[PDB]
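**Student:** Protein chains in written order, with the deposited numbering: chain B, 222 to 479; chain A, 222 to 479.
This is the structure, below, for whatever I ask next.
2 protein chains.
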Amino acid sequence: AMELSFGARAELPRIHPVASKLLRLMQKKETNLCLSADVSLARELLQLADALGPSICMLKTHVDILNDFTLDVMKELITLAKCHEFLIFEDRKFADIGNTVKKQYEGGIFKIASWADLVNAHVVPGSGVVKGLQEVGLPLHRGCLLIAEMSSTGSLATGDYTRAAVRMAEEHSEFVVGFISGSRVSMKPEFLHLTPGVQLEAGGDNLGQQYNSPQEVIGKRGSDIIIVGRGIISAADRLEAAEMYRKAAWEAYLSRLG
Amino acid sequence: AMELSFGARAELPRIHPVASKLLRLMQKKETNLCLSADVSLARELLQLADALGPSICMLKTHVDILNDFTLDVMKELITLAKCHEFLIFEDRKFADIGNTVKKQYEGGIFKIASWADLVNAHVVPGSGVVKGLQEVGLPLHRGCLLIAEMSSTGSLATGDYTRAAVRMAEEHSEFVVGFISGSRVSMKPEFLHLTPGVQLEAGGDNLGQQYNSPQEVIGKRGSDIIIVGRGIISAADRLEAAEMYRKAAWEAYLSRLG
Ligand SMILES: O=c1ccn([C@@H]2O[C@H](COP(=O)(O)O)[C@@H](O)[C@H]2O)c(=O)[nH]1
Ligand SMILES: O=c1ccn([C@@H]2O[C@H](COP(=O)(O)O)[C@@H](O)[C@H]2O)c(=O)[nH]1
Numbered sequence: 222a223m224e225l226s227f228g229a230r231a232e233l234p235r236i237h238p239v240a241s242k243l244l245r246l247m248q249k250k251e252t253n254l255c256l257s258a259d260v261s262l263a264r265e266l267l268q269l270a271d272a273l274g275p276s277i278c279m280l281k282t283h284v285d286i287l288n289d290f291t292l293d294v295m296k297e298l299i300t301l302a303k304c305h306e307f308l309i310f311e312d313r314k315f316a317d318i319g320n321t322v323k324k325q326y327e328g329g330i331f332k333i334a335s336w337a338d339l340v341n342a343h344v345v346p347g348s349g350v351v352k353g354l355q356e357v358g359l360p361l362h363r364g365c366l367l368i369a370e371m372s373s374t375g376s377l378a379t380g381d382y383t384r385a386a387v388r389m390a391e392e393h394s395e396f397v398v399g400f401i402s403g404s405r406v407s408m409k410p411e412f413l414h415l416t417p418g419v420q421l422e423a424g425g426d427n428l429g430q431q432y433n434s435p436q437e438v439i440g441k442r443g444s445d446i447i448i449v450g451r452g453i454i455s456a457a458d459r460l461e462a463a464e465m466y467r468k469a470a471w472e473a474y475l476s477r478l479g
Numbered sequence: 222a223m224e225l226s227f228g229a230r231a232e233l234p235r236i237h238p239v240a241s242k243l244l245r246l247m248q249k250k251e252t253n254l255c256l257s258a259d260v261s262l263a264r265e266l267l268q269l270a271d272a273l274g275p276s277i278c279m280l281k282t283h284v285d286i287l288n289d290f291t292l293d294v295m296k297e298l299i300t301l302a303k304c305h306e307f308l309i310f311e312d313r314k315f316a317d318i319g320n321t322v323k324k325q326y327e328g329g330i331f332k333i334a335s336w337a338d339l340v341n342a343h344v345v346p347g348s349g350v351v352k353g354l355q356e357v358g359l360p361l362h363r364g365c366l367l368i369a370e371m372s373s374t375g376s377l378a379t380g381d382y383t384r385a386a387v388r389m390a391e392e393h394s395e396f397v398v399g400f401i402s403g404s405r406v407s408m409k410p411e412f413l414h415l416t417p418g419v420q421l422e423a424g425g426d427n428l429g430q431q432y433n434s435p436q437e438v439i440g441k442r443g444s445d446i447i448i449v450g451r452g453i454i455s456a457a458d459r460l461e462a463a464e465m466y467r468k469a470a471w472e473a474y475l476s477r478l479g
């Protein structure tokens with residue numbers, strides 16, 4: 222295929238409204254940066270969302286790490302998402318049978334479906350995992366990302382595992398909008414590719430995380446969006462760091478567009 | 222080779238303390254039944270744990286489906302666990318990079334490590350998932366189960382994936398006490414095998430769950446413990462249903478012991 226812009230893909234025929242909403246704000250704001258807001262305090266989550274909101278297309282959460290979660294916190298996050306124009310991605314990694322994951326998505330204390338635009342799923346259980354999430358997510362106009370590859374050393378999400386992930390996406394394109402992957406895994410331009418394991422300096426952490434640059438992941442490997450946690454969160458000035466990552470990911474996307 | 226009793230297995234030189242405690246109470250109470258307590262209310266959770274405690278070796282939770290979770294509820298559950306003698310297994314299925322899963326296990330609202338004897342992890346991220354959990358579990362004297370196979374249709378946890386799970390468990394035996402699997406996957410008697418997707422009658426559900434009988438799973442496939450949810454919970458008489466499952470699983474274990 223030849224390279225389409227985020228704006229062209231927003232306008233496509235088969236595109237999920239969520240993905241379309243995302244691709245438009247990306248074009249509008251010149252950002253393909255997803256902030257991984259891996260903090261344990263609501264006040265910090267909310268201050269990051271507000272400060273960095275203009276710089277990001279998406280805020281990714283791990284609600285189960287928030288020491289002071291309440292649905293009111295999520296209400297305030299929604300208000301910031303609407304105000305600054307970004308989607309909320311809860312990185313819950315649903316990975317159970319369909320009958321269980323539907324309850325874990327709809328219910329409990331988190332009520333994830335009520336506030337998350339996007340969630341993700343591991344494909345290891347078979348397509349039941351997507352079917353269960355769909356029953357809840359479809360009417361709510363939510364979307365789902367399938368984990369086709371992981372960034373960590375020893376990752377088993379390779380080969381036929383990755384190919385099964387892409388098939389599963391194709392079979393459920395009414396609800397699945399794309400992939401968590403280290404590179405482009407599907408040529409279909411309606412699918413989003415989001416890549417974690419990103420820092421300016423290629424490298425890793427002490428527990429198997431691997432990092433590659435925005436230029437590599439977006440430019441060479443053809444992914445759409447970078448997911449960045451520690452590369453931003455650990456900085457003294459998280460706004461400056463966010464801006465650095467945004468320009469890098471954006472300029473890398475412009476480059477491959479030609 | 223020659224099958225050892227649960228009582229003898231509990232005394233093996235390399236046995237993990239949590240596995241030893243469980244094997245002891247299984248032999249004492251003549252139960253290799255784990256109740257899957259898939260309910261949405263604390264009261265239902267506590268009611269089932271009390272009513273069925275005598276029949277079970279283990280209660281498996283999904284605390285993220287509890288509408289009214291609080292840590293006090295867990296305190297109470299533990300009192301029941303200590304009174305009736307069963308372990309608590311939170312079926313969280315950790316499946317993220319090591320840096321993330323340690324926070325998910327220790328922290329947030331659920332504080333899983335503060336009350337769960339056992340948790341489980343998917344192996345797809347590589348062994349960094351176990352190394353992260355260990356940082357939290359080992360100080361708290363906890364154990365972990367690796368998901369080597371799944372019960373659901375289209376499961377990708379097969380062949381080399383399954384073998385990678387077994388290797389990973391062998392290499393982290395200070396923390397990993399066994400497997401979620403549909404059959405015996407390790408020949409080392411220090412490892413436990415727990416099998417979900419169990420009902421007396423043939424079948425499945427509308428979202429990819431598949432059922433096999435206790436005699437099939439324990440007797441022919443050589444697993445140790447049956448995990449049963451709806452097979453008990455949906456029955457009119459849960460005390461009778463729990464007893465039927467216990468007696469099925471236990472006699473199947475005795476037969477294989479010869
Ligand atoms: O394959 C994956 C999938 C998800 N994440 C998530 O993306 C973020 C990476 O953060 P950092 O390593 O950039 O701090 C974390 O929240 C992590 O859970 C990965 O790192 N790799
Ligand atoms: O491979 C697996 C792993 C876990 N479970 C869990 O075991 C229970 C099965 O319940 P039921 O089908 O017996 O009601 C559920 O809590 C489900 O999440 C499975 O069914 N299959």
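All C-beta atoms in this analysis are idealised placements derived from N, C-alpha and C, irrespective of residue type, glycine included.
1) With a threshold of 8 Å on Cβ separation, who are the neighbours of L478(A) within its own chain once the five nearest residues in sequence on each side are excluded?
2) Report the three-state DSSP secondary structure of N320(B) (helix, strand or coil).
3) Taking any Cβ of chain A, which residues in the region 312-338 of chain B have a Cβ under 8 Å from it, in chain order?
4) For the region 275-292 of chain B, which residues have a beta carbon sitting closer than 8 Å to at least one beta carbon of chain A?
5) Let's test the definition: count the other Cβ atoms within 10 Å of the Cβ of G364(A) and tell me whether it reaches 16, buried, or not, exposed.
6) Taking the straight line between their C-alpha atoms, what separation do you get for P417(A) and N341(B)?
7) Quick one: is the Cβ of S276(A) within less than 7 Å of any heavy atom of ligand 2?
8) Which residues, in order along the region 376-388 of chain A, keep a beta-carbon less than 7 Å from a beta-carbon of chain B?
9) Can you find a heavy atom of ligand 1 that lies under 7 Å from the Cβ of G403(A)?
10) Kindly list, in the order they appear in chain A, the residues whose Cβ is closer than 7 Å to that of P435(B).
11) If we count the other Cβ atoms within 10 Å of its Cβ and call it buried at 16 or more, is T300(B) buried or exposed?
12) Closer than 7 Å by beta-carbon distance: list the chain B residues that pair up with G353(A), in chain order.
13) Going by the DSSP bridge assignment, what does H283(A) pair with across the sheet?
14) Comparing the CB of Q430(B) with every heavy atom of ligand 1, is any distance shorter than 7 Å?
15) Considering just the uninterrupted stretch of the beta strand (DSSP E) at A342(A), what are its terminal residues?
16) What three-state label does DSSP hand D381(A) in the structure shown?
17) Can you tell me whether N427(A) is buried or exposed, with buried defined as 16 or more other CB within 10 angstroms of its CB?
18) Whole angstroms is fine: what's the gap from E392(A)'s alpha carbon to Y432(B)'s?
19) Interface residues of chain B around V344(A) at Cβ under 7 Å?
20) Quick check: does the Cβ of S373(B) come within less than 7 Å of any heavy atom belonging to ligand 1?
21) Measuring alpha carbon to alpha carbon, tell me which of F315(B), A337(B), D285(B) and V284(B) ends up nearest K303(B).
22) Sorry if obvious, but does the Cβ on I439(B) come closer than 7 Å to a heavy atom of ligand 1?
23) Tell me which same chain residues have a C-beta within less than 8 Å of the C-beta of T321(A), skipping the five on either side of it?
24) Using a Cβ-based criterion (distance less than 7 Å to any ligand heavy atom), does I333(A) qualify as near ligand 2?
25) Of all the CB atoms in chain A, is at least one closer than 8 Å to the CB of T416(B)?
26) In whole angstroms, give me the CA-to-CA distance for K314(B) and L413(A).
**Tutor:** Reading from the atomic positions:
1) Here residue 478(A) refers to the residue found at position 257 of the second sequence. Spatial neighbours of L478(A) in its own chain (CB-CB distance under 8 Å, excluding positions within 5 residues in sequence) are listed in chain order as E224 and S226.
2) Counting from 1 along the first sequence, the entry for residue 320(B) is found at position 99. In the structure shown, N320(B) sits in a helix (DSSP, three-state: H, G or I).
3) The region 312-338 of chain B vs chain A, Cβ under 8 Å: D312, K314, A316, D317, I318, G319, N320, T321, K323, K324, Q325, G328, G329, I330 and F331.
4) So the list reads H283, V284, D285, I286, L287, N288 and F290, given in the order they occur along the chain.
5) Start at 1 with the first residue of the second sequence, and residue 364(A) comes out as number 143. Buried.
6) The residue you call residue 417(A) lines up with position 196 of the second sequence. The residue you call residue 341(B) lines up with position 120 of the first sequence. Taken atom to atom, the span from the alpha-carbon of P417(A) to that of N341(B) is near 24 Å.
7) Residue mapping note: residue 276(A) aligns to position 55 of the second sequence, counting from 1. Closer than 7 Å to some heavy atom of ligand 2: that does not describe the Cβ of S276(A).
8) Taking 7 Å as the upper bound on Cβ-Cβ separation, chain B lies near residues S376, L377, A378, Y382 and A385 of the region 376-388 of chain A.
9) Position 182 of the second sequence, counting from 1, holds the residue named residue 403(A). It does not: the Cβ of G403(A) is nowhere closer than 7 Å to a heavy atom of ligand 1.
10) Reading the first sequence from its first residue, position 214 is the one you call residue 435(B). In chain order: nothing, as chain A lies at least about 19 Å away.
11) On the first sequence, residue 300(B) is found 79 positions in, with the first residue counted as 1. Exposed, since its Cβ has fewer than 16 Cβ neighbours within 10 Å.
12) Sequence index remark: in the second sequence, residue 353(A) carries index 132 (1-based). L428, listed in chain order.
13) Indexing the second sequence from 1 puts residue 283(A) at position 62. In the DSSP output, where bridge partners are listed per residue, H283(A) has none listed.
14) Here residue 430(B) is taken as the residue at index 209 of the first sequence, counted from 1. It does: the Cβ of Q430(B) is within 7 Å (strictly closer) of some heavy atom of ligand 1.
15) As a first step, residue 342(A) is located in the second sequence; it is residue number 121 there, counting from the start. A342(A) -> beta strand (DSSP E) spans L339 to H343.
16) The sequence position of residue 381(A) within the second sequence is 160, counting from 1. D381(A) falls in the helix class under three-state DSSP.
17) Translated into the one-based positions of the second sequence, residue 427(A) becomes position 206. For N427(A), the number of other beta carbons within 10 angstroms of its own is below 16, and it is reported as exposed.
18) The residue given as residue 392(A) occupies position 171 in the second sequence. The residue given as residue 432(B) occupies position 211 in the first sequence. Cα to Cα, the separation comes out at about 25 Å.
19) For the purposes of this step, residue 344(A) is taken as residue 123 along the second sequence, with counting starting at 1. Correct list: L377.
20) For the purposes of this step, residue 373(B) is taken as residue 152 along the first sequence, with counting starting at 1. Flag set: Cβ of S373(B) near ligand 1.
21) Your numbering for residue 303(B) matches position 82 in the first sequence. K303(B) has its Cα closest to that of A337(B), out of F315(B), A337(B), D285(B) and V284(B).
22) Position 218 of the first sequence holds residue 439(B). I439(B) Cβ: outside cutoff for every heavy atom of ligand 1.
23) Position 100 of the second sequence holds residue 321(A). Contacts found: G353.
24) Position 112 of the second sequence, counted from the first residue, corresponds to residue 333(A). No, the Cβ of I333(A) stays beyond 7 Å of every heavy atom of ligand 2.
25) Position 195 of the first sequence, counted from the start, is the residue given in the question as residue 416(B). The beta-carbon of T416(B) is placed no less than 8 Å from the nearest beta-carbon of chain A.
26) For the purposes of this step, residue 314(B) is taken as the residue at position 93 of the first sequence. For the purposes of this step, residue 413(A) is taken as the residue at position 192 of the second sequence. Each residue's alpha carbon lies about 26 Å from the other.
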